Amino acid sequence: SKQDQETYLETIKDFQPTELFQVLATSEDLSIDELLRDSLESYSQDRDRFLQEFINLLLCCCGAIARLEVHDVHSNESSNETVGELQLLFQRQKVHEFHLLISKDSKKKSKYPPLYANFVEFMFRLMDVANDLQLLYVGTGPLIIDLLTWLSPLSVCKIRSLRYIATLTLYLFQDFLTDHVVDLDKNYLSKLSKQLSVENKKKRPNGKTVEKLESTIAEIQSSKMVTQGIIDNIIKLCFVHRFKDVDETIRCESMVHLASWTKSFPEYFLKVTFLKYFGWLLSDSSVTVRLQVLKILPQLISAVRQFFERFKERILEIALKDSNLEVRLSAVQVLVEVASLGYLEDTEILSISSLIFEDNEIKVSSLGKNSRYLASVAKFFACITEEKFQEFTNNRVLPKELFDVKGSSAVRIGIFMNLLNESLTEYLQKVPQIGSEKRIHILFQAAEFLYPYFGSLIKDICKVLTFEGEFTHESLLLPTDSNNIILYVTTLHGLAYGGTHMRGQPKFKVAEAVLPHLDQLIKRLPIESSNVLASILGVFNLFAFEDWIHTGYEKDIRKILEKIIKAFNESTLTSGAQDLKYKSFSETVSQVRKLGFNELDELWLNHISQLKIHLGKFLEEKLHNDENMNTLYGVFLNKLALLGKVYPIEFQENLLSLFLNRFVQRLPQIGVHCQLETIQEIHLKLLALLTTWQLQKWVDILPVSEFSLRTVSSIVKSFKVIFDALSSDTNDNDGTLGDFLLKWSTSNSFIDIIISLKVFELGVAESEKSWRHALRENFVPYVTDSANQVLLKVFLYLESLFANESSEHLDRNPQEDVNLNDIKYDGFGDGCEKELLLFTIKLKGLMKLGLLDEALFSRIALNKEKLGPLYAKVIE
């Protein structure tokens, strides 16, 4: 029965705050010192009642319903058993709010917003006020003994909550005791020893005063020992077991508090005996713990030397291999200071500095993890660089000046560029082979992230790059060969680009550094090299007008552009595919347009105009063959098409006729007499562009436009005359490669022009009984018999080119050329499959507007099942 009733009360009991809990959990402006004076005074009056209130406060903070009674705490030999019973009661409670930590992590949502701050303040000062009331020293005071007797068993029990709050109470005690021991030393005993040593002479030692000094010096040291005694204990009872608690949060509190003991009291704590704890938890399975140790190490940076000798390896491994990027990044940050300190071997340095190179696109403006990780690697790189500089210049005196800049600058640039290249070489070993293109793009990117550290070298890199003399002197990577120049300009371009996309930077800064040298750079770099052309034009294209006027260099833009146009003029351009030059020039032309200055536009408008004039010359003089097409395309047609993307190109009746009659319509005869490599570069892309510009006129209205219609009608007739020649039984070159290539490239431009025309025609209102009538007048039917026949032959060539790669057996119409069974062609950029799909897509596009002979082109489906999944997809 007695037991029944106890079980009964246990069951119907609900959560009731104790008095001390209430004041601590709800007071928003509390004098915690007055509070402690009251409680600690009560200890001396009624020990049991204080102890009870203390533990019940702990129980309230964990949201426990259970409570001790004054008799429960009467005996200190009961403590383990009683905590045992509390543990039983608290395990039985199904639901429990951890108020202390809800206050901490969720003040806004918490029933007791101030509870956490008050609780840590209270337990942190507890032991100070104890001292004020002479409860601490008295041999250890029984206050302390009492407190440890109950905190110890609670700190190792099976309830995480009780374990956390006891451990935190113990640690808060130690925050103070550790401060207090040194306090006693440096501020009391030291002050009294001095005055024990100065009141010794002159042969007049006060003797009664030399007795009062040894007296309090002896008291104070006795109490320094009682204090260290409790410090030893809390380590022995708590930290040494709690640092590896199964709960990660008690482990991180252990690291946070040990760091404080270390700052408070290094003579006790700055020793490998305690630092190992950080190093061990470096291998903790929890991301949170590894993060927490890693944030503590910088603060902590001979005990420390021994520490990094023992743990740097693990720190390196984290920065390289850790499953968590935020952690990896933290590691790199620690490695900054280890390097700064000389604790890193050279191979260990490279393994980190080469991390600045990464295959993935990482944006320099982002606040993401990836971006912040590269940024902390750039920080490491910056520090290695500075160390090497000091090491290099340590004995040396350099000249006031090397290679047109301060000696010290030239060295810094040479050391930087050298580490950049050593680092790259490492990166490149750590991964599968990549081509020069990807190589440059990855370097370009690293340079972006280095802008915050090497940005002040931008001006001197420009000047070093325009130096005419030899790169030596009585003593480093310098722009001495062609690979080193490319490294320099890519790195200049990446630095500069990174500087204009860096967030939070004031306007015009990168421009203040490069625009003064930009004319000289274009005037002097080896821009015949497309890699060098790409980097310098890329620098040019970084800047908006506001950049040029601000810097005072708006005046230079035209002379620079003139150089750009002369380099444009001196080159030979290919049809655009994978041509680094075509791409650089194209972007430059766009950029200039985008600046919006008529004076500049005119430089390009006049260039188009000269090109036209000279083409007409070439046309009437030279076409009255491999050389002819080489020149035609290399010096005239590919360049008008490039410029044509940005500025209007129009052939006037005269030139257009010259071009259509002497070239375009004679393409079949011209082609039979060229070499393969020359046939490969034959196309009519310019004809599609001329058209597009006219279509632009027509849409920039919607009253028809005459000669503008005569122009495109005439361009299309030209396509017809080719298709007639090409599809006729008189074509003795039918069936050959060269014949396929011409049919194919001619078809691609034709399809683009016709689709463009039909989409326009359908976008004119019935309202427009003059436009609609004139379009059908000139173009309908859009695709003629011979055009249908050529597109089908082109399709069939591509289909067998892809089929044959796997020796697939195609079905065929009865008079379908069976020689298609043997065709082979290695000449396509990204493979036969790609060209089959694209052509078939262009054919689908026509079919959807229904411009194709549906009966004829049913044929594209005959082998859908033989051609793989993609083709089959495009057919659906």
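The numbering used is simple: start at 1 and walk along the sequence shown.
Per the record, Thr480 and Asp481 are directly connected, with no deposited-sequence residue omitted between them.
Missing coordinates between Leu702 and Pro703 amount to 10 or more residues of the deposited sequence. Stretches 305-313 and 413-421 differ in mean CA B factor, with 305-313 having the higher one. When the two stretches 276-284 and 554-562 are set side by side, the higher mean Cα temperature factor goes to 554-562. For the set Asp404, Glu621, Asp179, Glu587, the PDB entry assigns the largest Cα B-factor to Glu621.
Of the candidates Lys158, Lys583, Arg666, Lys743, the one whose C-alpha carries the top B factor in the deposited record is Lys158. Sort the modelled residues of the chain by CA B factor and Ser44 lands in the highest third. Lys842: CA B factor in the lowest third of modelled residues in this chain (values from the PDB entry).
The deposited CA B-factor of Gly342 belongs to the lowest third of values across its chain.
Placement of the Cα temperature factor of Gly644 within the chain: middle third of the modelled residues, per the deposited record.
For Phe659, the recorded CA temperature factor ranks within the highest third of the chain's modelled residues.
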